[PDB]
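Engineer: Provided herewith is a single structure, encoded as structure tokens, for subsequent inquiry.
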Amino acid sequence: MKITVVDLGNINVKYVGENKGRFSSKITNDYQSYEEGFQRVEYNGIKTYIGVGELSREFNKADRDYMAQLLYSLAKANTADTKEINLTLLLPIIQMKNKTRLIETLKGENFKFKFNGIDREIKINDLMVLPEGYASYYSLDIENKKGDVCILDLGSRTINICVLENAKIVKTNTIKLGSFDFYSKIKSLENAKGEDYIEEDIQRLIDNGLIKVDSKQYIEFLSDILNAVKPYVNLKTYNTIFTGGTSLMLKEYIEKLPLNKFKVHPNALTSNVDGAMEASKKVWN
Amino acid sequence: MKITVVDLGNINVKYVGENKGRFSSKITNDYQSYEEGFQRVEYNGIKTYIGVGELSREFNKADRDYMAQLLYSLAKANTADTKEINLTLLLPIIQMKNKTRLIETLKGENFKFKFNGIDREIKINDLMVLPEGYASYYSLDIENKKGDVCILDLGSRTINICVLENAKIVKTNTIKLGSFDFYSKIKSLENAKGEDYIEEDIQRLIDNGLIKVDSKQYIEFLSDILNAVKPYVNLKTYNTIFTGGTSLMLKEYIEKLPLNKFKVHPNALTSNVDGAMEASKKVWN
Amino acid sequence: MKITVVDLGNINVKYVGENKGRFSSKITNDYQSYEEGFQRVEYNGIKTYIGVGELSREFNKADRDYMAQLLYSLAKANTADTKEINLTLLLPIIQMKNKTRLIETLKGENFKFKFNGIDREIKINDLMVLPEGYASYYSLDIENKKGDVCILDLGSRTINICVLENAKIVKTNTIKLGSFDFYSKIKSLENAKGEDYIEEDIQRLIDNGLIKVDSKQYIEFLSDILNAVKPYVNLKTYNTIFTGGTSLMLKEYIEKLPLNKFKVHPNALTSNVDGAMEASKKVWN
Amino acid sequence: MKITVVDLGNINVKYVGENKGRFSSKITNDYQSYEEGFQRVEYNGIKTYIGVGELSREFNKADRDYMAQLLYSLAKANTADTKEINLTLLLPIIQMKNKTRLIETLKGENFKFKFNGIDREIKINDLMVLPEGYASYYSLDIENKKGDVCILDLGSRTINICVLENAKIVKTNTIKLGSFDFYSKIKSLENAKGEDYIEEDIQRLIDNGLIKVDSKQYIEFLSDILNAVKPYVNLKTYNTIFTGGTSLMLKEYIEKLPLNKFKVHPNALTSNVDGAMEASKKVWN
Amino acid sequence: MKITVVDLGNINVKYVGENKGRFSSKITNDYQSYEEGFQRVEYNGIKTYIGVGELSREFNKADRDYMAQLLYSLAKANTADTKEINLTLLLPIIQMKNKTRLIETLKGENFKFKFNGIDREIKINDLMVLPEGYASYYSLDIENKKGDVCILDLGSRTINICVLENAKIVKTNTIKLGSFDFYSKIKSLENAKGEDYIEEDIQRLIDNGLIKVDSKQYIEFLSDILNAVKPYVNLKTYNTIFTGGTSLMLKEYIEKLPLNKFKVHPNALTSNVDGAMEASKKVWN
Ligand SMILES: Nc1ncnc2c1ncn2[C@@H]1O[C@H](COP(=O)(O)OP(=O)(O)O)[C@@H](O)[C@H]1O
Ligand SMILES: Nc1ncnc2c1ncn2[C@@H]1O[C@H](COP(=O)(O)OP(=O)(O)O)[C@@H](O)[C@H]1O
Ligand SMILES: Nc1ncnc2c1ncn2[C@@H]1O[C@H](COP(=O)(O)OP(=O)(O)O)[C@@H](O)[C@H]1O
Ligand SMILES: Nc1ncnc2c1ncn2[C@@H]1O[C@H](COP(=O)(O)OP(=O)(O)O)[C@@H](O)[C@H]1O
Ligand SMILES: Nc1ncnc2c1ncn2[C@@H]1O[C@H](COP(=O)(O)OP(=O)(O)O)[C@@H](O)[C@H]1O
Ligand SMILES: [Mg+2]
Ligand SMILES: [Mg+2]
Ligand SMILES: [Mg+2]
Ligand SMILES: [Mg+2]
Ligand SMILES: [Mg+2]
């Protein structure tokens with residue numbers, strides 16, 4: 001009956017159901033003293049604390065312990081009364097076959113968990129999967145759907161390219177690149193001097209004003225990503241829809257490109273979500 | 001019982017059966033991630049995606065992998081219930097003998113395929129072949145049949161000339177020329193500057209308004225093609241029926257020629273089809 | 001006085017001067033910790049490390065930062081004592097006009113750089129440019145020069161066609177295709193399962209024996225490239241000289257083609273170089 | 001003349017000269033009653049006792065009081081008669097520039113110290129520095145040098161990655177992680193109940209059989225470290241040489257990994273040393 | 001109804017209820033002659049004198065005879081008329097589970113005692129527990145709450161670290177270190193000569209001017225404690241709130257640190273108290 005959409009991502013998780021929201025992808029099984037105060041979930045005896053700790057960089061996220069984050073997001077989005085729902089997940093546009101390994105472990109399965117001590121249960125009627133980026137096309141405005149466009153999702157580690165003709169797809173591909181590599185680049189020179197920064201606590205340093213990120217590093221990253229699209233797409237053609245958090249991160253620099261026609265998707269963070277979410281309304285409803 | 005007509009072409013495929021239509025000749029065996037969303041056919045274990053990828057420029061189209069496009073067109077035109085049909089193909093007016101290599105591989109053969117996962121089968125009672133251009137004469141209006149006319153099909157790569165006396169043919173020939181050479185000419189100067197266009201994604205650029213095609217390039221192409229007909233035909237004589245997509249592409253420029261009597265065939269795209277299609281009604285029915 | 005020839009390429013750079021050689025086209029401006037141990041060049045304050053990092057896929061290589069690779073190759077080929085030389089570059093047979101943008105930035109210019117810390121300078125008397133593929137004709141054996149031949153360079157991203165009559169050219173063209181597309185095809189199915197390969201570290205995987213490249217993928221690539229030459233050349237005619245690294249990559253499969261007369265150029269890697277290099281001896285000497 | 005190599009480390013110090021050996025990195029300036037019985041060194045009036053006390057966890061070990069441990073190791077390795085030597089230190093592969101701050105304070109300097117009351121002096125002709133991990137490659141067996149390998153040093157607090165092509169480096173990086181974090185994890189749950197353990201006296205508890213370390217904690221640590229290498233290296237590729245004491249600590253669990261090609265370096269403790277030590281023979285001798 | 005907060009500590013006890021205050025943690029069951037004149041409490045027949053004698057150094061203070069000090073503090077803070085109250089204790093941020101052993105022995109229990117001969121009774125409605133250091137965050141000023149801060153309590157024997165994001169915690173840990181170790185260090189060299197000082201009567205000697213504490217011993221202690229926080233926190237980041245009596249003891253030396261942003265909490269002695277005390281108002285009121 002209900003519908004829930006979850007983009008696990010690699011650094012951020014974005015959920016939309018009865019209530020929408022997002023949080024950080026950090027997950028840790030490390031033992032903790034003051035359990036009351038943190039967000040956590042316990043499944044079949046193993047406990048995990050969310051929003052802190054490691055980052056789960058493993059590629060092919062079909063098997064990167066997509067276990068605690070999913071249930072936590074389901075509990076946060078919907079309410080306790082809800083028991084049966086329809087899940088619509090978003091996988092990268094290249095790892096589709098892994099959905100076979102997904103459905104087998106989820107479809108028609110009842111999951112019981114704690115969610116900060118308030119034990120509850122949940123079941124899912126049927127599971128559905130959509131490519132990343134392609135989903136966002138549905139959230140796109142009508143004025144851009146008619147034309148031949150290119151959905152370009154700039155993920156933390158994955159760039160997703162989906163070229164759409166007039167309501168049809170032509171090209172689909174993925175690139176191993178994203179903001180994580182930029183964070184690694186920054187830490188490569190920061191940790192060198194005397195410091196101990198890592199890819200996790202580095203963005204907050206930029207936000208609070210400790211790391212002085214020169215404007216041209218963003219330009220270098222822009223050139224690098226745009227150097228990873230020429231073999232597959234000519235960005236001057238195929239009016240482009242930038243999506244993902246990296247797009248918001250680089251928008252003021254993207255807007256000054258030598259591209260005839262383009263734009264940065266509004267609410268890009270949830271775009272890939274909302275789009276797929278719209279698709280759900282089309283299928284079950 | 002049923003009758004189906006298929007013009008494979010070189011850039012476009014045009015089918016007419018219980019339901020008519022057309023699509024692009026692009027075919028690719030390349031591996032694909034998001035199979036659901038594309039049009040495809042799998043035959044004896046090998047899968048091909050239609051409407052995208054390469055273009056299959058091979059001449060003598062009797063052997064240019066006329067395999068996936070044919071079955072896809074048959075499935076799209078007719079319905080699943082249909083099992084036996086009569087196929088009427090259109091070959092160029094010079095490669096007739098290759099029909100011997102065609103019939104042997106098709107007549108009395110049952111083909112099973114997927115067509116986007118919905119497996120089905122189909123058989124063909126008997127195969128029939130007609131020259132290109134000659135077919136369109138049947139689709140022609142009565143007012144032009146009586147006079148001595150010249151059917152001139154301007155294909156993407158082949159120009160077909162068939163001179164008809166009063167219900168009889170006198171001259172028949174083919175020329176290696178068409179819109180593909182024009183696309184090559186345009187890309188020769190476009191790719192030179194900084195770009196990466198090819199013969200496939202170049203027409204769409206003209207359509208959407210990126211390539212500024214000067215009016216006189218069309219005139220140059222017109223002179224080139226009309227320079228390829230003087231040895232065989234005097235266009236002032238032999239009232240001319242222009243057919244093919246190139247005719248629609250150049251019609252407003254053809255209409256201003258110093259020719260006493262001529263015309264551009266209506267629905268030229270399907271003309272060569274409809275004509276031959278009429279012929280089928282004459283033979284089996 | 002001296003003469004130096006440099007084929008920048010897109011994946012490999014090939015230099016010949018007083019000392020010949022080649023290396024990889026990978027270039028990175030990324031910050032590096034252990035600078036001693038890598039090959040690098042610093043120009044006007046910006047440092048670049050060669051043989052590692054990105055790949056610079058940008059087409060129209062007249063402006064793809066042809067800056068560090070050039071100076072590094074000049075330093076490696078010649079010696080420190082040399083100050084003035086004559087440069088003979090090789091551009092694709094379609095981007096000639098870009099030579100105007102080249103000469104202006106190079107002719108009569110003195111470049112100072114580090115080359116792994118040993119600072120040095122160099123000047124170039126005059127600059128010269130030759131088409132790709134056409135150059136290799138000079139390196140060709142005499143037995144093939146007399147006949148009407150077709151120089152076919154199979155680059156990593158560009159196919160160069162130059163048809164030569166008896167010591168004269170007739171046809172000249174370029175196609176966007178090469179081994180880079182093959183690498184993209186392989187990674188399209190490899191990255192899908194669970195992996196993280198890209199177009200850079202994929203050839204080494206084939207070489208060391210991790211990727212199982214089926215024999216028929218090479219055949220598919222051969223058909224694709226040979227499907228990109230029919231509109232311009234009939235390979236049965238115009239005895240063919242295959243050049244480029246891709247020719248060595250596919251030679252044992254090229255040798256089994258239904259072509260009456262052909263061959264694979266020896267030392268094809270440097271052929272395009274040596275040929276043009278011979279031309280230099282003709283002009284200045 | 002003589003050559004001495006010193007790996008200060010963070011928990012253990014490893015020296016090799018005329019006589020090889022190792023000891024603990026614990027250093028304390030705390031006042032002591034029974035000075036006779038402990039190992040100590042007094043430099044310019046300040047006394048320090050080695051093998052007991054604090055642990056000097058400060059990162060960027062270029063300035064973590066690398067003062068008493070160094071002289072103590074020099075005295076223990078060589079003999080009293082020796083006056084002039086050549087020092088070859090090992091720094092992490094990311095803090096190279098700090099060598100500038102090192103040489104200035106050491107090169108051409110005479111150090112006098114007590115070494116348990118037997119006053120002596122020593123001078124160093126010239127100082128040399130090598131990256132950690134990279135050094136161990138020289139100690140590696142010939143059978144592994146030819147292939148493209150990955151030196152992976154698992155330090156107490158630092159993971160050092162150095163990817164070597166055929167006798168050349170491609171990738172170099174550091175991660176803040178090691179056995180110290182594992183000790184912190186263990187104490188996090190041990191100290192909680194009633195105890196007072198710290199990161200220093202915790203390994204001895206495991207060795208003597210008081211802390212019951214479940215087998216799966218080692219697996220968790222293995223996954224954590226292997227989660228810190230995917231962005232930079234694919235361990236299935238790049239045949240891996242594990243080095244460092246942590247490798248010996250986890251070897252029986254490393255040996256059961258799903259890695260096609262790998263190994264644990266013999267005498268890993270001194271590997272990083274011996275390797276660099278070999279390098280010294282190449283330079284001065 | 002009433003609310004009472006008690007920080008037992010290890011050397012000092014700090015109570016706040018209807019009347020606030022503090023005293024020394026010294027407790028002795030030793031027989032005493034002149035009982036009138038000392039502060040004491042007798043519980044179930046056993047008498048204890050407060051403010052003199054031993055010091056109760058036992059770690060895991062959930063069971064270090066937290067019996068007489070508690071009742072004495074309750075009697076001193078509130079008045080005789082009060083019978084029922086709500087207790088809010090402060091435990092270290094690592095020994096939470098011991099609260100289970102606490103509540104069972106206190107919740108819903110009536111305690112009768114003497115308190116210097118004036119017999120009285122008291123009951124507690126419900127018991128509540130909070131981590132040390134975390135509590136002080138509530139007492140903190142608003143200007144520091146919004147930012148990502150680090151509460152650092154420097155106890156007599158325990159260092160408590162609690163890293164707070166924007167109103168949320170991320171890291172929580174404890175270290176065995178404090179002013180008691182400093183007192184032990186001082187006595188190690190004082191008792192050596194001819195004296196008989198211990199960890200109890202040593203601070204008073206500093207206060208009254210008998211022990212000449214060199215300024216650099218405080219610096220050594222500062223470095224030692226700051227050497228015990230690098231693995232868990234980078235003090236340059238995470239604006240720091242120093243709390244505890246040791247902070248007041250070292251404040252003039254803390255203020256001269258190379259830290260960009262920090263401060264010493266006002267009334268740090270009661271900070272950990274007041275904070276938790278505020279929390280009580282939030283829960284019951
Ligand atoms: N409000 C914001 N302002 C600036 N940058 C943001 C904001 N929200 C997210 N980002 C950036 O966008 C990135 C999030 O990418 P994300 O969409 O989580 O990757 P993926 O889609 O692959 O999961 C982060 O690295 C973050 O720096
Ligand atoms: N609706 C249209 N408007 C303008 N041009 C068209 C249209 N449809 C087709 N064309 C042009 O006609 C050509 C199609 O030729 P086609 O009939 O497919 O060749 P062939 O008959 O040899 O298969 C294309 O190159 C296209 O540019
Ligand atoms: N010794 C060799 N053996 C097998 N393949 C090779 C060898 N040398 C080069 N190649 C292949 O040839 C290609 C080099 O093409 P290249 O000549 O650099 O392109 P371009 O001429 O466009 O710069 C590479 O992709 C590589 O796989
Ligand atoms: N003989 C041994 N048996 C088991 N474990 C050992 C042995 N020797 C050292 N170790 C482990 O290896 C670690 C030493 O790491 P080390 O090489 O000193 O770090 P670094 O290289 O960063 O200085 C220690 O934590 C210790 O537990
Ligand atoms: N007014 C003061 N002036 C100077 N130092 C003080 C003062 N009050 C307390 N101290 C110091 O602070 C310490 C008290 O620490 P405390 O907060 O009791 O530890 P805990 O919080 O672990 O119980 C004592 O060692 C004392 O020397
Ligand atoms: Mg994403
Ligand atoms: Mg046709
Ligand atoms: Mg080339
Ligand atoms: Mg080490
Ligand atoms: Mg305290």
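In the structure tokens, each chain is lettered A, B, ... as it comes, each chain's residues begin at 1, and ligands are numbered from 1 in order of appearance.
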Skipping near chain neighbours, those fewer than 3 positions away, what residues fall within 9 Å of segment 76-86 of chain C using only C-alpha atoms, listed as a VMD selection string?

Structural biologist: chain C and resid 1 to 5 15 to 21 71 to 73 115 120 to 128 280 284

Engineer: Output as CSV one row per residue of chain A within 6 Å of chain C: the closest atom pair and its distance in Å to one decimal place, counting only C-alpha atoms, sorted by chain and residue number ascending.

Structural biologist:
residue,atom,partner,partner_atom,distance
A:60,CA,C:194,CA,5.2
A:94,CA,C:192,CA,5.2
A:95,CA,C:192,CA,4.9

Engineer: Of the residues B:245, B:116, B:206, B:183, which is the one nearest to ligand 7, using only C-alpha atoms and all ligand atoms?

Structural biologist: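 When distances to ligand 7 are compared using only C-alpha atoms and all ligand atoms, the smallest one comes from B:245.
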
Engineer: Neighbours of residue 134 of chain C within 7 Å (only C-alpha atoms; same-chain residues fewer than 2 positions away dropped), as a list in words?

Structural biologist: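 Residues near the query, excluding close chain neighbours: residues 131, 132, 136, 137, 151 and 162 of chain C.
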
Engineer: Can I get the selected residues back with N, CA, C and O atoms, as a compact mmCIF listing (two decimals), in the first residue's frame?

Structural biologist:
# COMPACT_ATOMS: atom_id res chain seq x y z
N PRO C 131 50.23 15.73 -41.41
CA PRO C 131 49.08 14.89 -41.07
C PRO C 131 49.51 13.55 -40.51
O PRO C 131 50.59 13.03 -40.83
N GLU C 132 48.66 12.98 -39.66
CA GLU C 132 48.87 11.63 -39.20
C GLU C 132 48.59 10.64 -40.33
O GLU C 132 47.76 10.90 -41.21
N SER C 136 53.45 8.23 -42.27
CA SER C 136 53.97 6.87 -42.28
C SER C 136 54.29 6.39 -43.69
O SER C 136 55.12 5.50 -43.86
N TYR C 137 53.64 6.97 -44.70
CA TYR C 137 53.90 6.55 -46.07
C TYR C 137 55.39 6.63 -46.41
O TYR C 137 55.92 5.78 -47.13
N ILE C 151 46.80 4.31 -46.58
CA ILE C 151 47.36 4.34 -45.23
C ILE C 151 46.20 4.43 -44.25
O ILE C 151 45.38 5.36 -44.32
N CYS C 162 44.17 7.85 -45.40
CA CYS C 162 44.81 8.66 -46.44
C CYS C 162 45.07 7.75 -47.64
O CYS C 162 45.93 6.87 -47.57

Engineer: Skip residue 243 of chain D itself and residues of its chain fewer than 5 positions away, then list as a list in words all residues within 7 Å of it, counting only C-alpha atoms.

Structural biologist: residues 152, 153, 154, 264, 265, 268 and 271 of chain D

Engineer: Can you write out the residues you just picked, keeping C-alpha atoms, as a compact mmCIF listing (two decimals), in the first residue's frame?

Structural biologist:
# COMPACT_ATOMS: atom_id res chain seq x y z
CA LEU D 152 51.02 -2.26 2.03
CA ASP D 153 52.55 -1.40 5.40
CA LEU D 154 50.10 -1.83 8.29
CA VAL D 264 52.73 -11.69 3.93
CA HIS D 265 56.31 -10.46 3.89
CA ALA D 268 57.97 -7.92 8.09
CA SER D 271 61.31 -5.46 6.14

Engineer: With a cut-off of 8 Å, could you pull out the residues of chain A touching ligand 6 and give me the nearest pair of atoms for each, distance in Å to one decimal, using only C-alpha atoms and all ligand atoms, ordered by chain and ascending number, as JSON lines?

Structural biologist:
{"residue": "A:7", "atom": "CA", "partner": "ligand 6", "partner_atom_place_in_ligand_line": "1 (Mg)", "distance": 6.6}
{"residue": "A:8", "atom": "CA", "partner": "ligand 6", "partner_atom_place_in_ligand_line": "1 (Mg)", "distance": 7.4}
{"residue": "A:9", "atom": "CA", "partner": "ligand 6", "partner_atom_place_in_ligand_line": "1 (Mg)", "distance": 4.7}
{"residue": "A:10", "atom": "CA", "partner": "ligand 6", "partner_atom_place_in_ligand_line": "1 (Mg)", "distance": 7.3}
{"residue": "A:92", "atom": "CA", "partner": "ligand 6", "partner_atom_place_in_ligand_line": "1 (Mg)", "distance": 7.7}
{"residue": "A:132", "atom": "CA", "partner": "ligand 6", "partner_atom_place_in_ligand_line": "1 (Mg)", "distance": 6.6}
{"residue": "A:133", "atom": "CA", "partner": "ligand 6", "partner_atom_place_in_ligand_line": "1 (Mg)", "distance": 7.9}
{"residue": "A:153", "atom": "CA", "partner": "ligand 6", "partner_atom_place_in_ligand_line": "1 (Mg)", "distance": 7.1}
{"residue": "A:154", "atom": "CA", "partner": "ligand 6", "partner_atom_place_in_ligand_line": "1 (Mg)", "distance": 7.5}
{"residue": "A:155", "atom": "CA", "partner": "ligand 6", "partner_atom_place_in_ligand_line": "1 (Mg)", "distance": 4.8}
{"residue": "A:156", "atom": "CA", "partner": "ligand 6", "partner_atom_place_in_ligand_line": "1 (Mg)", "distance": 7.1}
{"residue": "A:158", "atom": "CA", "partner": "ligand 6", "partner_atom_place_in_ligand_line": "1 (Mg)", "distance": 7.3}
{"residue": "A:244", "atom": "CA", "partner": "ligand 6", "partner_atom_place_in_ligand_line": "1 (Mg)", "distance": 6.4}
{"residue": "A:272", "atom": "CA", "partner": "ligand 6", "partner_atom_place_in_ligand_line": "1 (Mg)", "distance": 7.4}

Engineer: Find the residues near residue 218 of chain C: any atom within 10 Å, counting only C-alpha atoms, skip ones fewer than 5 places away on the same chain, and give them as a PyMOL selection string.

Structural biologist: chain C and resi 182+213+223-224+249-250+253-254

Engineer: Given the choices D:53, D:231, D:266, D:178, which gets closest to ligand 9 if the distance is worked out from only C-alpha atoms and all ligand atoms?

Structural biologist: D:178

Engineer: What residues in segment 28-203 of chain D get the DSSP label strand (DSSP E or B)? Please answer as a VMD selection string.

Structural biologist: chain D and resid 28 36 38 to 43 46 to 50 84 to 91 110 to 113 120 to 131 149 to 154 158 to 165 168 to 176

Engineer: Nearest to ligand 2: which of B:168, B:114, B:61, B:230 is it, counting only C-alpha atoms and all ligand atoms?

Structural biologist: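 Among the listed residues, B:61 lies closest to ligand 2.
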
Engineer: Could you write out, as a list in words, all the residues of segment 127-209 of chain A that DSSP marks as alpha helix (DSSP H)?

Structural biologist: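 For segment 127-209 of chain A, the alpha helix (DSSP H) set is residues 136, 137, 138, 139, 142, 143, 144, 145, 179, 180, 181, 182, 183, 184, 185, 186, 187, 188, 189, 190, 191, 192, 193, 203, 204, 205, 206, 207 and 208 of chain A.
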
Engineer: For the residues in that selection, give me N, CA, C and O atoms as a tab-separated table (two decimals), in the first residue's frame.

Structural biologist:
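And here is the file that came out, part08.tsv:
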chain	number	residue	atom	x	y	z
A	136	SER	N	15.61	10.75	-11.83
A	136	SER	CA	15.43	12.19	-11.67
A	136	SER	C	14.71	12.80	-12.86
A	136	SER	O	14.08	13.86	-12.73
A	137	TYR	N	14.78	12.16	-14.03
A	137	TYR	CA	14.12	12.70	-15.21
A	137	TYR	C	12.64	12.94	-14.95
A	137	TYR	O	12.07	13.92	-15.43
A	138	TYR	N	12.00	12.06	-14.18
A	138	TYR	CA	10.58	12.23	-13.89
A	138	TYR	C	10.35	13.47	-13.03
A	138	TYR	O	9.36	14.19	-13.23
A	139	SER	N	11.23	13.73	-12.07
A	139	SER	CA	11.13	14.95	-11.27
A	139	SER	C	11.39	16.20	-12.09
A	139	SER	O	11.07	17.31	-11.64
A	142	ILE	N	8.56	19.95	-17.16
A	142	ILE	CA	8.05	19.55	-18.46
A	142	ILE	C	8.83	20.24	-19.58
A	142	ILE	O	9.07	19.65	-20.64
A	143	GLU	N	9.24	21.48	-19.36
A	143	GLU	CA	9.90	22.25	-20.41
A	143	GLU	C	11.18	21.58	-20.90
A	143	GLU	O	11.61	21.86	-22.03
A	144	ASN	N	11.78	20.70	-20.10
A	144	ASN	CA	13.00	20.02	-20.49
A	144	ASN	C	12.78	18.59	-20.95
A	144	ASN	O	13.67	18.01	-21.59
A	145	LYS	N	11.62	17.99	-20.64
A	145	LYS	CA	11.39	16.60	-21.00
A	145	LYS	C	11.31	16.42	-22.51
A	145	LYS	O	11.85	15.44	-23.05
A	179	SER	N	32.89	13.38	-5.48
A	179	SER	CA	33.45	14.27	-4.47
A	179	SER	C	34.40	13.56	-3.52
A	179	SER	O	35.25	14.22	-2.90
A	180	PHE	N	34.29	12.24	-3.39
A	180	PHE	CA	35.20	11.51	-2.52
A	180	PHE	C	36.64	11.65	-2.99
A	180	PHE	O	37.56	11.80	-2.18
A	181	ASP	N	36.85	11.59	-4.31
A	181	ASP	CA	38.19	11.79	-4.84
A	181	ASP	C	38.70	13.20	-4.56
A	181	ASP	O	39.88	13.40	-4.29
A	182	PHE	N	37.81	14.19	-4.62
A	182	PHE	CA	38.20	15.55	-4.28
A	182	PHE	C	38.62	15.65	-2.82
A	182	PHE	O	39.62	16.31	-2.49
A	183	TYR	N	37.87	15.01	-1.92
A	183	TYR	CA	38.25	15.00	-0.51
A	183	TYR	C	39.59	14.32	-0.31
A	183	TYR	O	40.42	14.78	0.48
A	184	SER	N	39.82	13.21	-1.02
A	184	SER	CA	41.11	12.54	-0.95
A	184	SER	C	42.22	13.46	-1.43
A	184	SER	O	43.30	13.51	-0.83
A	185	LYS	N	41.97	14.21	-2.50
A	185	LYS	CA	42.97	15.15	-3.00
A	185	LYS	C	43.30	16.21	-1.96
A	185	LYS	O	44.47	16.53	-1.73
A	186	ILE	N	42.27	16.77	-1.32
A	186	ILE	CA	42.50	17.82	-0.33
A	186	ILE	C	43.29	17.26	0.85
A	186	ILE	O	44.26	17.87	1.33
A	187	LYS	N	42.89	16.09	1.35
A	187	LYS	CA	43.60	15.51	2.48
A	187	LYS	C	45.02	15.13	2.11
A	187	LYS	O	45.91	15.18	2.96
A	188	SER	N	45.26	14.79	0.84
A	188	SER	CA	46.62	14.43	0.42
A	188	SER	C	47.61	15.54	0.74
A	188	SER	O	48.74	15.26	1.13
A	189	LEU	N	47.21	16.80	0.59
A	189	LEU	CA	48.08	17.92	0.91
A	189	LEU	C	47.90	18.45	2.32
A	189	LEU	O	48.83	19.05	2.86
A	190	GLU	N	46.73	18.24	2.93
A	190	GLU	CA	46.54	18.71	4.30
A	190	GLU	C	47.23	17.81	5.31
A	190	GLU	O	48.02	18.28	6.14
A	191	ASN	N	46.96	16.50	5.25
A	191	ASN	CA	47.60	15.55	6.15
A	191	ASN	C	49.12	15.61	6.04
A	191	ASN	O	49.82	15.26	6.99
A	192	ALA	N	49.63	16.03	4.88
A	192	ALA	CA	51.08	16.01	4.67
A	192	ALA	C	51.81	16.89	5.67
A	192	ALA	O	52.83	16.48	6.24
A	193	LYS	N	51.31	18.10	5.91
A	193	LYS	CA	52.06	19.04	6.74
A	193	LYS	C	52.21	18.54	8.17
A	193	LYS	O	53.30	18.15	8.58
A	203	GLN	N	34.88	17.66	4.94
A	203	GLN	CA	33.86	18.57	4.42
A	203	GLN	C	33.41	19.56	5.49
A	203	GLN	O	33.23	20.75	5.21
A	204	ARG	N	33.23	19.08	6.72
A	204	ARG	CA	32.86	19.96	7.81
A	204	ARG	C	33.91	21.04	8.03
A	204	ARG	O	33.57	22.17	8.40
A	205	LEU	N	35.18	20.71	7.81
A	205	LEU	CA	36.24	21.71	7.95
A	205	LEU	C	36.08	22.82	6.91
A	205	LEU	O	36.28	24.00	7.21
A	206	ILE	N	35.74	22.45	5.68
A	206	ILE	CA	35.46	23.46	4.66
A	206	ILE	C	34.26	24.30	5.07
A	206	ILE	O	34.26	25.53	4.94
A	207	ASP	N	33.21	23.64	5.58
A	207	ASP	CA	31.99	24.36	5.93
A	207	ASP	C	32.24	25.37	7.04
A	207	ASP	O	31.75	26.51	6.98
A	208	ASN	N	32.99	24.98	8.07
A	208	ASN	CA	33.20	25.84	9.23
A	208	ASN	C	34.33	26.84	9.04
A	208	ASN	O	34.46	27.76	9.85

Engineer: Would you work out the distance separating atom CA of residue 97 of chain A from atom CA of residue 210 of chain C, expressed in Å to one decimal?

Structural biologist: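 Atom CA of residue 210 of chain C lies at a distance of 21.6 Å from atom CA of residue 97 of chain A.
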